[PDB]
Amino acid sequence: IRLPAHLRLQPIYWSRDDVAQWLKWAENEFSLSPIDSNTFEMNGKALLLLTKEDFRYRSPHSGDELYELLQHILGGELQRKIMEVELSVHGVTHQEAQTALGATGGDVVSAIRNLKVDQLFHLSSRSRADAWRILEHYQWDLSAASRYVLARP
């Protein structure tokens, strides 16, 4: 039906109060069994990281419904992807994560690798093929690849 204010923002901006308000909205809109407000004590970012099994454990009556709503109706899937990209590539901005996912078609794996080469390339005068060499050499661990180039004699 109609989503309330604040619930219209992306889930990554949902506060812990917004999440409780979301649960209330879904309960009334979908005639769910009463959901205790202390069932998801976390903000919208955390919410996106729970698995479907986690939603079922926390709400046996409605967990799977809530997951599908959040992830596949309210845009949770893309926001989980951008958050994984941003957290897998230190130094990446949120806007940059969105841009890289779009540039790879929602392929999280390609987007992370593309940003890792960008980040390592940014640390020195070495070329992009040099940065690729060090990343491949270090099994795409950006932390170790970075320290290799920073600690050269």
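Don't overthink the numbering: it's just position in the shown sequence, from 1.
J.: Got a sec? Mean C-alpha B-factor, which is higher, 13 to 21 or 137 to 145?
T.: Per the deposited B-factors, the answer is 137 to 145.
J.: Using only C-alpha atoms and the B-factors in the entry, which stretch averages higher, 23 to 31 or 88 to 96?
T.: For C-alpha atoms only, the mean B-factor is higher in 88 to 96.
J.: Highest Cα temperature factor in the entry, among the options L120, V109, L66, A46: which one is it?
T.: Highest C-alpha B-factor among the listed residues goes to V109.
J.: Using the temperature factors in the entry, find which of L70, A103, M42, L50 has the highest value at its Cα atom.
T.: Spelled out: the listed residue with the top C-alpha B-factor is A103.
J.: Ranked by Cα temperature factor within the chain, is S62 in the lowest third, the middle third or the highest third?
T.: It falls in the bottom third of the chain.
J.: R56: which third of its chain by C-alpha temperature factor?
T.: Tercile = lowest for this residue's CA B-factor.
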